[PDB]
Amino acid sequence: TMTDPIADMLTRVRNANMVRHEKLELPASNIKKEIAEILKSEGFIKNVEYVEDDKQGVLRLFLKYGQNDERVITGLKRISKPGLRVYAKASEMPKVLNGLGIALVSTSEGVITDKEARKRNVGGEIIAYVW
Amino acid sequence: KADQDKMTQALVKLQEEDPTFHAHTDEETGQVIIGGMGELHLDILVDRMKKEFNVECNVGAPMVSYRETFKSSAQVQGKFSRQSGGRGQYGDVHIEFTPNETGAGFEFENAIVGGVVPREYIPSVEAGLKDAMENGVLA
Amino acid sequence: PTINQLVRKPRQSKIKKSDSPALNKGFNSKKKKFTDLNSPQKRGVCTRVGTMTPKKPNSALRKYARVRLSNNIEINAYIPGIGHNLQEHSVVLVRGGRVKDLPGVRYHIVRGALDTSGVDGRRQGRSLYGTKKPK
RNA sequence: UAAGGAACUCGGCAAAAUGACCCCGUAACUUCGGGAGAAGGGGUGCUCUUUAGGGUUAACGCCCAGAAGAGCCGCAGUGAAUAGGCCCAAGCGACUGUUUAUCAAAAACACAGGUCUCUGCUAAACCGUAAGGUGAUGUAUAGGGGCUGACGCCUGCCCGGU
RNA sequence: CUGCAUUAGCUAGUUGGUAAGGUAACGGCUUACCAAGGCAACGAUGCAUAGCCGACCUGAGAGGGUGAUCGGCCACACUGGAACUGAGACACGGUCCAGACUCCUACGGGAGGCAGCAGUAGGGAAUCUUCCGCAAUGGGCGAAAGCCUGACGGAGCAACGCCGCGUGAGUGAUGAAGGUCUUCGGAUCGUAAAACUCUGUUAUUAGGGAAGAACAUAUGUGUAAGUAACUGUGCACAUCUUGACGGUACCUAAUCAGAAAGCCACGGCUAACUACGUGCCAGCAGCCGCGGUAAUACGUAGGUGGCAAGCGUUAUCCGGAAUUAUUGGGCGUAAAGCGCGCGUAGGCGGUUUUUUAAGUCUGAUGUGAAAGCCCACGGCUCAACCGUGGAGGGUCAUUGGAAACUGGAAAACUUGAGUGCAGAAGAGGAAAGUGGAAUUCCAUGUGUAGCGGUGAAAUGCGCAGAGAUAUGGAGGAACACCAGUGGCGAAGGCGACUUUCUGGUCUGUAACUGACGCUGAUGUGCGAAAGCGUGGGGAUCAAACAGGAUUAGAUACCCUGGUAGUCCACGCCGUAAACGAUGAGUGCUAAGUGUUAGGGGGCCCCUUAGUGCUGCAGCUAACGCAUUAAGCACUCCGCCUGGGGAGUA
RNA sequence: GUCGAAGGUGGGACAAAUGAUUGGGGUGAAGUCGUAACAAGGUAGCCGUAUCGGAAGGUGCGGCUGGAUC
RNA sequence: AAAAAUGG
Ligand SMILES: [Mg+2]
Ligand SMILES: [Mg+2]
Ligand SMILES: [Mg+2]
Ligand SMILES: [Mg+2]
Ligand SMILES: [Mg+2]
Ligand SMILES: [Mg+2]
Ligand SMILES: [Mg+2]
Ligand SMILES: [Mg+2]
Ligand SMILES: [Mg+2]
Ligand SMILES: [Mg+2]
Ligand SMILES: [Mg+2]
Ligand SMILES: [Mg+2]
Ligand SMILES: [Mg+2]
Ligand SMILES: [Mg+2]
Ligand SMILES: [Mg+2]
Ligand SMILES: [Mg+2]
Ligand SMILES: [Mg+2]
Ligand SMILES: [Mg+2]
Ligand SMILES: [Mg+2]
Ligand SMILES: [Mg+2]
């Protein structure tokens with residue numbers, strides 16, 4: 001059955017980006033919403049909407065394509081997984097694409113990007129890479 | 001035979017201790033021959049090998065390498081024809097064997113006229129004669 | 001495999017065999033047993049000396065000796081160079097390195113060591129054949 | 001019966017040796033039952049002290065039966081008598097049984113199992129001249145005869161001859 | 001902190017308790033009594049191997065390999081046992097006993113143990129001289145002078161390693177002679193040589209000649225404690241005396257380019273080509289290969305390349321090797337999805353709130369010896385080397401903080417998973433019963449010269465009347481048509497009809513439970529055909545077998561027969577190209593079109609679950625796959641690591 | 001007197017070496033017999049199983065396409 | 001839809 005909702009969400013984003021879809025509806029959760037908001041703030045997606053419907057709720061992402069229809073999101077990679085979880089210290093926080101990408105991290109100070117983790121001098125579970 | 005290496009080492013050491021005592025292997029007969037200044041010398045050395053080196057050995061008259069030869073001449077023919085199927089195997093020769101003068105060695109003559117035996121195979125005929133003569137025909 | 005599968009049964013590397021097994025074994029006479037010691041060369045005694053025909057496509061009469069080593073192992077050793085002075089019961093030094101043509105010959109006899117004589121007339125690469133500098 | 005210990009002899013024939021009870025322990029192989037008492041070892045008398053029990057009785061008493069310890073004596077304690085020698089292999093017959101009374105006990109006979117074959121019942125087979133009987137007060141999962149001979153794996157070719 | 005399951009059970013002082021003894025000390029450490037415990041798939045037990053570590057080699061790293069020298073710890077002292085002395089030993093150069101082995105003996109008895117430093121024999125491919133000295137450091141005794149110290153400080157031997165410097169430097173075309181090649185012009189060795197000029201690293205000779213040396217002790221002076229005072233004690237300052245190395249390093253002066261260059265390679269990898277000799281011979285070779293007459297690969301020569309007091313060969317480790325892939329690989333056809341279910345352990349797991357702080361993150365403190373790697377500085381003329389100071393190295397320990405995520409606790413939710421209600425189809429399974437066609441055989445009637453079969457024939461059956469044809473009877477097996485990439489089942493598989501028992505699946509509501517889920521080692525079951533056992537049955541077909549043909553032969557293919565078997569019941573066997581050569585679950589990603597079972601809305605549209613075909617993106621070595629993925633992802637399981645040997649022993 | 005090394009006796013376990021003889025395996029040539037596979041390989045092949053035959057293989061039963069002209 | 005092997 002389903003075993004990694006974060007991975008499912010990232011894979012939904014990847015598949016929609018490949019097909020050059022505009023929007024994306026997925027079941028919602030707090031961690032997913034925080035990931036989507038981080039993506040919007042960083043500029044990888046155009047917009048995020050939350051539908052507080054019955055059951056679980058829904059997250060509606062709107063993807064962003066540059067000029068010439070170029071895709072802003074090159075790739076997403078789940079790093080920590082149910083089968084093997086990865087954590088990193090502040091001094092060992094990884095740089096995605098030499099800094100051109102973000103690493104979404106989950107920290108005691110909320111889920112943030114690797115830049116914020118390094119700035120605040122914290123570590124945590126490296127949720128994902130996005131470049 | 002389990003003490004043959006010990007035997008070789010003992011022989012070497014004995015030769016080093018005694019210049020006049022020699023040991024050598026004979027290729028034709030394969031036997032190891034011990035040479036000495038006399039029966040008493042060799043007897044003492046044999047006893048010494050038996051006890052000091054604990055290599056019991058037996059001694060005898062060395063074997064003599066004999067040779068064979070043809071006393072009478074004759075023309076002969078060798079034919080090997082296995083043509084049972086497919087690509088077979090064929091060969092034919094007519095050779096005159098003659099007693100050579102003693103000490104002159106083997107002499108091969110090629111009196112082929114008209115290419116009855118192709119010039120490619122004549123060296124093979126000579127090599128076959130040499131190989132077959134290496135093995136004795138009588139003893 | 002899954003990470004759980006790898007934890008349960010970790011990965012196992014292929015084991016490597018030596019090309020010169022006879023040099024990796026010693027013999028203790030007092031205990032009458034073998035021992036694992038790596039040697040660069042071993043002394044031996046030529047049990048037999050002769051010539052062998054190489055495997056096809058090559059053709060020649062390659063000089064070789066069947067040698068019993070100091071560790072009691074019997075091997076075939078090629079005799080390099082032109083001409084040799086070896087016979088049965090000769091004491092020779094044997095090093096590793098097989099001769100591709102000869103199937104069962106996996107070692108070389110050092111030239112200019114123990115009984116084996118240097119190559120006569122050799123002038124280039126003499127050290128490989130145990131020949132003194134003529135000068 | 002010194003010393004020896006199968007040198008005897010066709011052959012260990014005879015003899016010697018083992019032998020009871022308790023405890024420890026016990027192999028190949030096997031049809032899983034066995035082999036097994038395998039083998040190989042230890043203990044065993046007497047006195048005293050302490051002490052768990054069982055049967056029968058109101059109890060006493062009587063009877064059975066252990067355990068621990070400390071001692072004593074001899075060359076030796078199932079102190080006599082009675083009471084397996086054991087082991088490793090091979091052939092044959094599966095096995096218990098039967099036999100030449102009175103020179104042969106076996107590898108011979110029998111055997112459970114297998115197969116062939118005859119027999120539809122007033123059966124076939126068998127005794128008898130017959131009557132009358134056995135078979136059988138049975139009825140083909142039965143009865144008679146031939147051959148083989150537990151069990152396991154199997155059982156080839158020939159119907160010219162009789 | 002190590003390998004093996006082709007080692008799965010181990011343990012009886014064993015596990016605990018009570019008492020006693022014992023030891024520096026707790027304790028089954030030991031002994032009595034009470035109980036039956038204790039260990040083990042988180043790998044006990046057993047077997048094999050091994051001193052451990054700081055470190056060392058390698059690698060970009062992750063890792064892999066190793067455990068010389070030097071330092072720490074452990075263990076041992078001919079093998080085994082034991083104690084005595086002693087603060088300390090169950091004691092390398094101590095004791096006792098036993099054993100093996102040397103030597104002395106007067107035969108009664110005695111002595112001994114180089115895995116201390118040299119050395120001997122032996123083994124080996126292989127590893128040093130039976131040196132000087134206690135002068136420095138350290139240790140034992142003593143108040144001290146001092147004595148002992150094969151520790152140690154230094155010589156000898158070895159290119160064994162690293163590092164440093166040499167074997168000359170400048171001008172030198174006049175391109176000398178000579179070697180090699182040559183198109184006979186010349187080209188090359190070549191500024192190389194010769195000749196001139198210079199230098200002395202180094203070498204030779206002669207002088208000067210360190211540091212390492214602090215000292216201790218002795219002797220004067222003071223000063224502190226205590227004493228009535230004194231000697232003495234400690235301290236401070238002073239003075240003579242102490243070096244094996246060794247007259248060694250080093251410095252100064254003089255003489256000479258004179259003593260001091262070898263090794264491998266030159267086909268590709270890979271820097272470097274020509275000639276002669278040889279002729280699948282001799283030989284080379286790390287791999288591809290080279291050598292049979294004009295070889296840049298063999299041998300020599302010239303030249304060239306790489307190094308240089310070294311250069312090559314061999315052995316071993318790491319790398320290259322992503323070729324065990326955590327970083328960082330795979331399983332349709334290349335090796336690799338168990339034949340398939342049911343399921344235990346383990347792994348993993350839907351949404352929200354509160355709480356905890358084991359994992360996670362962030363500080364402080366201690367510690368991670370010295371030496372070593374790395375960075376900086378300083379000292380040997382530089383370097384190796386030496387010293388100093390930093391830096392780093394933990395999966396480490398205590399302690400304070402954070403709460404998103406994983407884990408624990410508590411409480412809610414309905415989407416997953418099940419239950420209810422309304423329907424649907426099905427060769428799903430087991431057991432009885434009933435049919436019709438055909439084959440075989442049997443009994444009759446008619447009827448006669450063949451039938452059967454092959455490429456052709458023959459065997460065979462028939463003339464004792466076959467085959468053909470008509471009627472009936474006996475028996476076994478399989479179910480024509482329907483029938484279809486149709487249906488059902490986990491797979492194997494399931495096809496006449498009827499009845500009885502019974503499993504699963506799909507569709508629609510959203511009453512109900514509220515994460516109850518997924519996967520699944522070990523287990524436990526099913527599993528085509530053949531085969532096996534007992535008993536039954538026996539038509540057809542048909543291994544074996546027998547004839548007849550074909551053929552050079554024909555232990556076959558073809559023909560005529562024909563036994564097991566094929567069939568049934570109950571057991572066993574457990575394998576197939578058991579295949580979609582594609583594990584299960586879940587979600588996401590263009591479309592066109594057929595078909596099966598449903599459902600909703602107006603012949604049409606939408607929809608759920610299957611079953612086919614075509615086809616994007618993406619994937620693939622290609623072929624191809626493609627909402628029934630071989631795409632994009634996450635969880636679990638099984639499996640692979642060149643071919644053969646071998647699915648063998 | 002207790003404990004107690006070595007030693008002695010006994011039946012087992014494990015490991016290694018060796019052994020008349022024997023089984024298949026690999027390698028080596030220009031050996032002998034056939035021709036099973038690759039083409040429709042001249043009977044499509046292959047998988048499991050059974051049986052038979054000097055040998056490759058043949059035949060039976062079931063399975064696969066990794067076969068199939070017209 | 002008869003039979004027609006083999007070739008370092
Ligand atoms: Mg007597
Ligand atoms: Mg007597
Ligand atoms: Mg006798
Ligand atoms: Mg006699
Ligand atoms: Mg008797
Ligand atoms: Mg009997
Ligand atoms: Mg009897
Ligand atoms: Mg009787
Ligand atoms: Mg009688
Ligand atoms: Mg009798
Ligand atoms: Mg009989
Ligand atoms: Mg019999
Ligand atoms: Mg060891
Ligand atoms: Mg001592
Ligand atoms: Mg495959
Ligand atoms: Mg499958
Ligand atoms: Mg063929
Ligand atoms: Mg064929
Ligand atoms: Mg046949
Ligand atoms: Mg050919």
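By convention in this document, chain letters (A, B, ...) are assigned in the order of the sequence lines, proteins followed by strands, and residues within each chain are numbered from 1.
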Inset, instruction - Write down the partner of E/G487 under the Watson-Crick or G-U wobble criteria, each distance required to be under 3.5 Å. - result: E/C494
Inset, instruction - Have a look at A/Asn15 and say if it touches a base, only the backbone sugar-phosphate, or nothing, with a 4.0 Å heavy-atom cut-off. - result: base
Inset, instruction - Using a heavy-atom cut-off of under 4.0 Å over every strand shown, decide if C/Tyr129 touches base, sugar-phosphate, or nothing. - result: sugar-phosphate
Legend entry - Exceeds 12 heavy-atom contacts within 6.0 angstrom, atom CZ of B/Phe80: yes
Inset, instruction - Can you figure out if E/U519 has a north or south sugar, judging by whether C1'-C2'-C3'-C4' is positive or negative? - result: north
Legend entry - Any C/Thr47 side-chain heavy atom under 4.5 Å of C/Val67 side chain: no
Legend entry - B/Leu138 backbone acceptor or donor facing B/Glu68 side chain under 3.5 Å: yes
Legend entry - Sugar geometry class by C1'-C2'-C3'-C4' for E/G580: south
Legend entry - Nucleotide F/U32, atom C1' - distance to CD of B/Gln89 in whole Å: 13 Å
Legend entry - Leading and trailing nucleotides of RNA chain E with any atom under 4.0 Å from heavy atoms of chain C: E/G124 to E/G642
Legend entry - Toward the 5' end of RNA chain E, by each residue's nearest nucleotide, A/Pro27 or C/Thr2: A/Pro27
Inset, instruction - Pick out which of B/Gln75, B/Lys79, B/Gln77 makes a side chain to side chain donor-acceptor pair (under 3.5 Å) with B/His94. - result: B/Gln77
Inset, instruction - Determine the Euclidean distance between corresponding P atoms of E/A431 and E/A528; express it in Å to zero decimal places. - result: 15 Å
Legend entry - Nearest-Å distance once atom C1' is located in both F/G53 and E/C545: 13 Å
Legend entry - Sugar of E/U419, sorted north or south by the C1'-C2'-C3'-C4' dihedral sign: north
Legend entry - Euclidean distance for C1', E/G178 against E/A194 (whole angstrom): 14 Å
Inset, instruction - Report which part of the nucleic acid B/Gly91 touches: base, sugar-phosphate, or nothing (heavy-atom distance under 4.0 Å, all strands). - result: nothing
Inset, instruction - Using a heavy-atom cut-off of under 4.0 Å over every strand shown, decide if A/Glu109 touches base, sugar-phosphate, or nothing. - result: nothing
Legend entry - Intra-strand stack D/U31 & D/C32, ring centres under 5.5 Å, planes under 30°: no
Legend entry - Nearest-angstrom distance from the residue atom OH of B/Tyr90 to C1' of G/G7: 19 Å
Inset, instruction - Using the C1' atom on both, measure E/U367 against E/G392 and round to a whole Å. - result: 16 Å
Inset, instruction - Tell me what C/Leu61 touches on the nucleic acid: a base, only sugar-phosphate, or nothing, going by heavy atoms under 4.0 Å. - result: sugar-phosphate
Inset, instruction - Between D/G152 and D/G114, how far apart are the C1' atoms? Round to whole Å, please. - result: 14 Å
Inset, instruction - Using a 4.0 Å heavy-atom cut-off across all strands, classify A/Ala88 as base, sugar-phosphate, or nothing. - result: sugar-phosphate
Inset, instruction - Under a 3.5 Å limit for both distances, which nucleotide forms a Watson-Crick or G-U wobble pair with E/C588, could you say? - result: E/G631
Inset, instruction - Using a 4.0 Å heavy-atom cut-off across all strands, classify A/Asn30 as base, sugar-phosphate, or nothing. - result: sugar-phosphate
Legend entry - SB check A/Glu25 A/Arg60 (cutoff 4.0 Å): yes
Legend entry - Nearest-angstrom distance from the residue atom CG of C/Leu102 to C1' of F/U27: 14 Å
Inset, instruction - Determine the contact category for A/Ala16: base if any of its heavy atoms lies under 4.0 Å from a base atom, sugar-phosphate if only primed atoms, P, OP1 or OP2 are that close, otherwise nothing. - result: nothing
Inset, instruction - Describe the nucleic acid contact of A/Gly57 in one word from base, sugar-phosphate, nothing, applying a heavy-atom distance below 4.0 Å. - result: nothing
Inset, instruction - Name the nucleic acid region contacted by A/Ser80, choosing base, sugar-phosphate or nothing; use a 4.0 angstrom heavy-atom cut-off, strictly under. - result: nothing
Inset, instruction - Check every strand shown and say whether A/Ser29 touches a base, only sugar-phosphate, or nothing at a heavy-atom separation below 4.0 Å. - result: sugar-phosphate
Inset, instruction - Report which part of the nucleic acid A/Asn121 touches: base, sugar-phosphate, or nothing (heavy-atom distance under 4.0 Å, all strands). - result: sugar-phosphate
Inset, instruction - Any strand is fair game: report the nucleotide pairing with E/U242 by Watson-Crick or G-U wobble, both distances under 3.5 Å, or none. - result: none
Legend entry - Chi-angle category of F/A6 [syn within 90° of 0, anti beyond]: anti
Inset, instruction - Flag yes if more than 12 heavy atoms outside B/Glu17 fall under 6.0 Å of its CD atom; otherwise flag no. - result: yes
Inset, instruction - Please work out whether E/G523 sits syn or anti, treating a glycosidic angle within 90° of 0 as syn. - result: anti
Inset, instruction - Please give the nucleotide sitting opposite E/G46 as a Watson-Crick or G-U wobble pair, both distances under 3.5 Å, or none. - result: E/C4
Legend entry - First of C/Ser29 and C/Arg122 reached from the 5' end of RNA chain E, by closest nucleotide: C/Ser29
Inset, instruction - Pick north or south for the sugar of F/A55; the rule is positive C1'-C2'-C3'-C4' for north, negative for south. - result: north
Inset, instruction - Look at all strands and tell whether C/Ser70 reaches a base, only sugar-phosphate, or nothing, counting heavy atoms closer than 4.0 Å. - result: sugar-phosphate
Inset, instruction - In whole angstrom, give me the gap between the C1' atoms of E/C162 and E/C141. - result: 46 Å
Legend entry - B/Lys51 NZ: over 12 foreign heavy atoms closer than 6.0 Å: yes
Inset, instruction - Go ahead and name the base partner of E/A257; Watson-Crick or wobble counts if both distances stay under 3.5 Å, otherwise write none. - result: none
Inset, instruction - May I ask which nucleotide in the shown strands pairs with E/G533, Watson-Crick or G-U wobble, both distances under 3.5 Å? - result: E/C570
Legend entry - Furanose pucker, E/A77, classified by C1'-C2'-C3'-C4': south
Inset, instruction - Searching all strands shown, indicate the nucleotide that pairs with E/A474 (Watson-Crick or G-U wobble; both distances under 3.5 Å). - result: E/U440
Legend entry - Residues A/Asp4 and A/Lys81 bridged, charged N to O under 4.0 Å: no
Legend entry - NZ or CZ of A/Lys33 within 45° of A/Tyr50 ring axis and under 6.0 Å: yes
Inset, instruction - Quick one: pick major or minor for the groove that the side chain of C/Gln124 comes within less than 5.0 angstrom of. - result: major
Inset, instruction - Specify the glycosidic conformation (syn or anti) of E/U398, with syn defined as within 90° of 0. - result: anti
Inset, instruction - Step through it carefully: locate the ring centre of C/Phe34, locate the ring centre of C/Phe27, and say whether they are under 6.0 Å apart. - result: yes
Inset, instruction - Decide, for E/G305, between syn and anti: a glycosidic angle within 90° of 0 counts as syn, anything else as anti. - result: anti
Inset, instruction - State whether A/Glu42 and A/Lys115 are salt-bridged, where the test is any N-O pair (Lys NZ or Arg NE/NH1/NH2 against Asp/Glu carboxylate O) under 4.0 Å. - result: yes
Inset, instruction - Scan every strand shown for a Watson-Crick or G-U wobble partner of E/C184, both distances under 3.5 Å, and answer none if you come up empty. - result: none
Inset, instruction - Evaluate the base stacking between E/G363 and its strand neighbour E/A364 against centres under 5.5 Å and planes under 30°, returning yes or no. - result: yes
Inset, instruction - Check every strand shown and say whether C/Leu6 touches a base, only sugar-phosphate, or nothing at a heavy-atom separation below 4.0 Å. - result: sugar-phosphate
Inset, instruction - Please confirm whether neighbouring nucleotides F/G19 and F/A20 meet the stacking test: six-membered ring centres under 5.5 angstrom apart, planes under 30 degrees. - result: no
Inset, instruction - Answer yes or no: is there an ion pair linking A/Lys32 with A/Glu34, defined by an N-O contact shorter than 4.0 Å? - result: no
